[PDB]
Number of protein chains: 4
Amino acid sequence: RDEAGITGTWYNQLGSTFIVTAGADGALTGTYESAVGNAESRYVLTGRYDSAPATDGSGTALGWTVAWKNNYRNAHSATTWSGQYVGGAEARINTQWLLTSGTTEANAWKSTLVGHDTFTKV
Amino acid sequence: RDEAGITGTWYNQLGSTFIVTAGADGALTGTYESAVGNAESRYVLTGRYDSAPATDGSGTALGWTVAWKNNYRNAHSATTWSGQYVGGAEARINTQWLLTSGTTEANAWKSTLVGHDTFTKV
Amino acid sequence: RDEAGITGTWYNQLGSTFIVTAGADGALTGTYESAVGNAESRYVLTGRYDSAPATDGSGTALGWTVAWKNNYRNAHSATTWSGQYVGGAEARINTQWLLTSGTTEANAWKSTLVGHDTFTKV
Amino acid sequence: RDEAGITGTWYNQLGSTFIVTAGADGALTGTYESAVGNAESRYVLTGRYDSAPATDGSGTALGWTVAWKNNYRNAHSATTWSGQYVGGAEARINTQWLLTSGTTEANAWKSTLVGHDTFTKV
Ligand SMILES: [Cu+2]
Ligand SMILES: [Cu+2]
Ligand SMILES: [Cu+2]
Ligand SMILES: [Cu+2]
């Protein structure tokens, strides 16, 4: 259990900030603030993590979602990050993400961005 | 707002079942049961959707996560679906997904599956 | 060997047309014409397929690339499809694709679209 | 035109080696040697790049495929990398990739890995 290891403030390579609490059950709750895109201030996030990971040196699987609507803006989109938490001196969350925008059916083919973010504690 | 449209029971092309409640705020909560993979019975899911979508015929962006741990099994993995809800006579949720397994750092390159699921009400 | 099975004209769900020749060695060569996006007429494609697939009912792995420059337009982008050919009465090529646009380093986070195309012979 | 800039030997974060020639037309040809996975020695690659990129500081879009069959092994799979070449003192090719294995239709849902490689000249 990486409940303690996960909980806190994380920063990615874009300068975005992810603030999360991990629950004993597997819950992830918090806020996300993106340094890029059609976004301002904090957005709610929710997700899940493996609260009983393998003890063989494997990372801890997790994922979370942000819908990009808050009281300032609505970018009609949602991002999900899927990845793993790796503990130890340089702890990291290594993710890949899918950002889907709401589109008309004609534009559905261009609805979804894919990328990768790495989060660190500093 | 597709709070009503989203809430309920959905089925994908694999025969999996997604049961979800959409909150007025943008919350998604429920359970997922996969017809395939290292999975049995129901797993908690959480996510977010755009509760005030565009009124121009665009779909409604949403995403959710499942960590594949429940009281029966732990597959040390999490899937996130990112996609859009499209309302109307044949309502659908069209998604793409990332399934990340916890791995050692040597195997991180093969940690993540990608696919696409389409959910319908029947 | 699906050299014969692959070679020919294929159509996806968007109305795009893929014309390909499979070589005995594993080469794929041909042209692609997209029904959507910043594209007109035919673009060169090249790729590779597994010329000696498993005989256990598995599909045949393959992939190809298109850079979206031809004598009519240059959309400063490339798509790669990665997937599998499935032979038999309803033959199909089931793919997932990554479309990367050239961007400045500030916009690199939004450089890459992901989607899925299914190609059929009719 | 980055024909000169692209052509040569590149190394990624896994220790794999990509040797490529860029043609004036947009062709990419060469060999790939993976440091990981079910692979040994060199495999043919082919692909395409944007031979007339934007002059606004944007990267150069490109992609290539490897089918993982050579005279030593056949891993019944193909990878496509899609990304961009960024020139200058630290030149890089930043990619995302899809690795599809041939599978039975029952296992198609787990056919495709996704990841990201960064290639440098040293
Ligand atoms: Cu275990
Ligand atoms: Cu709006
Ligand atoms: Cu074999
Ligand atoms: Cu231009």
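What the entry reports as its method is X-ray crystallography, with 1.70 Å given for the resolution.

Colleague: Go over the interface of chain A and chain B with me, naming the residues and quoting the values.
Modeller: Counting residues at the interface gives 45 residues for chain A, matched by 45 residues for chain B. Taken together, both faces of the contact between chain A and chain B bury some 3,100 Å²; the carbon and sulfur share is 57%. Linking chain A with chain B are zero salt bridges, by the criterion used here. Linking chain A with chain B are 20 residue pairs in polar contact. Counting only elements with at least two residues in the side of chain A that touches chain B, the list comes to β4 (43–49), β5 (60–69), β6 (74–86) and β7 (92–101) of chain A. Ranked by residue count, the leading element in the side of chain A that touches chain B is β6(A), at 10 residues. Its residues placed into classes, the side of chain A that touches chain B shows 16 nonpolar, 24 polar and five charged.

Colleague: How would you explain the interface of chain D and chain C if you had to name every residue and give the values?
Modeller: In this complex, chain D contributes 45 residues to the contact, which on the side of chain C involves 45 residues. Counting the surface lost from both chain D and chain C, the interface buries some 3,100 Å², and carbon and sulfur atoms represent 57% of this. At the boundary of chain D with chain C, the tally comes to zero salt bridges. Linking chain D with chain C are 20 residue pairs in polar contact, by the criterion used here. For the side of chain D that touches chain C, the secondary-structure elements that each account for two or more residues are β4 (43–49), β5 (60–69), β6 (74–86) and β7 (92–101) of chain D. Broken down by element, the side of chain D that touches chain C gets its largest block of residues, 10 residues, from β6(D).

Colleague: Residue-level account of the packing of aromatic side chains, with values.
Modeller: All names here are of chain C. Tallied over the entire structure, the rule returns 44 aromatic pairs over all chains. Each ring, one from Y32 and one from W68, has its centre 6.0 Å from the other, and the planes form 85 degrees; the classification is edge-to-face. A residue pair is termed long-range when its members are at least 10 positions apart, and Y32 in strand β3 (residues 27–33) and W68 in strand β5 (residues 60–69) qualify at 36 residues. On the basis of relative accessibility, which here comes to 2%, the residue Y32 falls in the buried class.

Colleague: Go over the relation of the copies chain A and chain B with me, naming the residues and quoting the values.
Modeller: Between chain A and chain B, the superposition needs a rotation of 180 degrees and an axial shift of 0.0 Å, giving an RMSD of 0.0 Å. The relationship between the two copies is best expressed as a two-fold rotation axis. Of the residues that chain A buries at the interface, 100% are likewise interface residues in chain B, meaning the two copies contact each other through the same surface.

Colleague: Hey, could you go over the relation of the copies chain D and chain C for me, with residue numbers and the actual values?
Modeller: Copies of the same chain, two in number, are related to each other by a rotation about an axis and a translation along it. Of the transformation superimposing chain D on chain C, the axial component is 0.0 Å and the angular component is 180 degrees, with the fit at an RMSD of 0.0 Å. Same-surface contact between copies: 100% of interface residues of chain D are shared with the interface of chain C.

Colleague: An account of the pairing of β7(A) is needed here, citing residue identities and associated values.
Modeller: Residues and elements named next belong to chain A. Buried residues dominate β7, accounting for seven of its 10 residues. Two elements, β6 and β7, share 10 bridges in a ladder whose sense is antiparallel. Residue pairing for β7: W81 is matched across the bridge by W97.

Reading guide: rules and limits
Residues numbered from 1 in each chain as written, not as in the entry; some residues may be left out. Chains lettered and ligands numbered in written order. Heavy atoms only, no water. Contact = heavy atoms within 4.5 Å. Buried area = accessible area lost by both parts, 1.4 Å probe. Salt bridge = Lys/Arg side-chain N within 4 Å of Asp/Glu carboxyl O. Polar contact = N/O pair within 3.5 Å; in protein donor to acceptor, adjacent residues only side chain to side chain. Helix = DSSP H or I, 4+ residues; strand = E, 2+ residues; numbered from the N terminus. Nonpolar A, V, L, I, M, F, W, Y, C, P; charged D, E, K, R; others polar. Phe/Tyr/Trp six-rings, centres within 6.5 Å; stacked < 30°, edge-to-face > 60°. Buried < 20%, exposed > 50% of the residue type's maximum accessible area, 1.4 Å probe, protein only. Least-squares fit on C-alpha atoms. Pairing = 2+ DSSP bridges.

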